[PDB]
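Spelled out, the chains give:
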Amino acid sequence: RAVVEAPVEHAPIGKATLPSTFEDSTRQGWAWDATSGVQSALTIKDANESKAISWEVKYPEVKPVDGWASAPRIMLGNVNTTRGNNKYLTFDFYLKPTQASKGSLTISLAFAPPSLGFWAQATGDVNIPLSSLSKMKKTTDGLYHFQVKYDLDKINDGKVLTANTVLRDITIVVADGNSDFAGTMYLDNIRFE
Ligand SMILES: OC[C@H]1O[C@@H](O[C@H]2[C@H](O)[C@@H](O)[C@H](O)O[C@@H]2CO)[C@H](O)[C@@H](O)[C@@H]1O
Ligand SMILES: [Ca+2]
């Protein structure tokens, strides 16, 4: 299936680049998956004094049965990278809510390794409760700054990412955990470490 809307003015696509820093004012190869429930503009905005890819999302009040249906699902296609000697994949993730009071966001990471059926999903989904935010200190530009980490030795389905396993795509999903989130999201510094 494909989720479609009228042409949207994304920032230039650029070329797949890791670490993804967005400092060339392009998306450095990131784009929505054709199945992403969010297809609005991906632009390069400043977040916490660095350029970051960004989009807007307000999840539906009526929650879909399928937990990824309404989710931003962003992908770095055809990067053909490998983890090397890195234990983690990590990135800066920022929120600028106009509404956030209940439920949570559940952030998942996956890859598409041609040797592993084109899908390998990190086990360690990260949940951000929206009631936690009001007590969290914001950045000077009014964002909530998370550095999210995924242990690449914890993968579903007994699949193993070796140092040399080719990862053709990287996918990040920000799913709605029964939340009332509305606002802006940003990613920066997407890298293995
Ligand atoms: O439908 C949500 C569900 O998706 C699962 O991943 C799928 C993905 O949606 C599809 O694009 C891809 O081709 O295959 C994978 C694996 O079947 C995901 O594993 C679930 O955690 C998620 O709830
Ligand atoms: Ca940056």
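Up top is the structure these notes are about.
Residues numbered from 1 in each chain as written, not as in the entry; some residues may be left out. Chains lettered and ligands numbered in written order. Heavy atoms only, no water.

Engineer: Describe the site of ligand 1, with residues and values.
Structural biologist: Taken together, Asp 66, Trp 68, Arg 73, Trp 119 and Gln 121 form the complete shell of residues around ligand 1. The side chain of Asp 66 places a nitrogen or oxygen atom 2.8 Å from an oxygen atom of ligand 1. Between an oxygen atom of ligand 1 and a side-chain N or O atom of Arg 73, the distance comes to 2.9 Å. Here ligand 1, which alone exposes 490 Å², has 45% of that area covered by the protein. Taken together, the residues of the shell around ligand 1 sort by class into 2 nonpolar, 1 polar and 2 charged. (Near = heavy atom within 4 Å. Polar contact = N/O pair within 3.5 Å; in protein donor to acceptor, adjacent residues only side chain to side chain. Areas by Shrake-Rupley, 256 points an atom, 1.4 Å probe, with all protein chains shown as cover. Nonpolar A, V, L, I, M, F, W, Y, C, P; charged D, E, K, R; others polar.)

Engineer: Which residues make up the coordination of the calcium ion (ligand 2), and what are the values?
Structural biologist: Looking at the metal site, the calcium ion (ligand 2) is ligated by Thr 21 (O), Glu 23 (OE), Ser 50 (OG), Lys 51 (O), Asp 188 (OD) and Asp 188 (OD), spaced 2.3 to 2.5 Å from it. Spacing between the donor residues of the calcium ion (ligand 2) along their common chain follows T-x1-E-x26-S-K-x136-D. Taken together, the residues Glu 23 in the segment before β1 (30-32) and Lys 51 in strand β3 (residues 50-58) connect sequence positions 28 residues apart. In this structure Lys 51 comes out as partly exposed when scored by relative accessible area, which is 27%. (Donors = N, O, S within 2.8 Å, 3.2 Å for Na, K, Ca; no water. Helix = DSSP H or I, 4+ residues; strand = E, 2+ residues; numbered from the N terminus. Buried < 20%, exposed > 50% of the residue type's maximum accessible area, 1.4 Å probe, protein only.)

Engineer: So what's going on with the pattern of salt bridges? Residues and values would help.
Structural biologist: Applying the stated rule across the entire model yields 8 salt bridges. For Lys 63, the salt bridge identified is with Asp 176, shortest N-O distance 2.7 Å. Separated by 113 residues along the polypeptide, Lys 63 in the loop between β3 and β4 (73-76) and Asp 176 in strand β10 (residues 169-177) bring together distant segments of the chain. The class of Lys 63 is partly exposed, set by a relative accessible area of 29%. (Salt bridge = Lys/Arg side-chain N within 4 Å of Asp/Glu carboxyl O.)

Engineer: Give me a negative patch on the surface: which residues, what numbers.
Structural biologist: The grouping of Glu 23, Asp 24, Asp 46, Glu 49 and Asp 141 at the surface amounts to a negative patch. With respect to the secondary-structure elements, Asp 141 resides in the loop between β8 (126-129) and β9 (144-151). Given a relative accessible area of 30%, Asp 141 falls into the partly exposed group. (Patch = residues over 30% accessible without salt bridge, like charges linked within 9 Å, V, L, I, M, F, W, Y side chains within 5 Å. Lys, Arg positive; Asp, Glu negative; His and termini not counted. Charge placed at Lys NZ, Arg CZ, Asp CG, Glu CD.)

Engineer: Break down the pairing of β4 for me, citing the residues and quoting the values.
Structural biologist: Along any regular strand the residues' side chains alternate between the sheet's two faces. Direction of pairing for β1 relative to β4: antiparallel, over a ladder of 3 bridges. Directly across from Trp 30, in β4, lies its bridge partner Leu 76. For β4 and β10, the ladder comprises 4 bridges, and the chain directions are antiparallel. Bridge assignment links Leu 76 to a residue of β10, and that residue is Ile 170. (Pairing = 2+ DSSP bridges.)

Without other data, these values stay purely geometric and don't point to any function.
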